[PDB]
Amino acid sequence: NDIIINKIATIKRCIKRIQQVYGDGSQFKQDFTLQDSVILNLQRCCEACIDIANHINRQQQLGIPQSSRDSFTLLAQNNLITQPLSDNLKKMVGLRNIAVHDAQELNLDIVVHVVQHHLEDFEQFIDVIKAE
């Protein structure tokens, strides 16, 4: 419990940090530092989600992940998280892997869509881990 709650806080903090830095979104598309902040707090969100997943896979011996995406696959296979949520959380990993490098393979439209209609997925994930 002690580590799962610590990671829940970091997601809650990072979600709020995204919302604060993005705000209206008008200035976001032009200001690079605003993008750099949002990209990092999105990375911290899915990295803390993998950290939670891997802890459940460890305490319940669900399996050994063959990929970072596999961390959510094991929870979905063991019916701990719903299949559409698993697919969404695996899409977040994809964003992290591209965004870990320089903003040259950029898709600001994809970053904006995650802030607008996909931050709910991280919150939805917290709502199912709390039911231990």
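We number the residues from 1 along the sequence you see.
Mean CA temperature factor is higher for 77-85 when stretches 62-70 and 77-85 are set side by side in the entry. Stretches 100-108 and 31-39 differ in mean C-alpha B factor, with the higher average recorded for 100-108.
Per the PDB record, residue ranking by Cα B-factor puts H113 in the highest third of the chain. When the modelled residues of the chain are ordered by C-alpha B-factor, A131 sits in the highest third.
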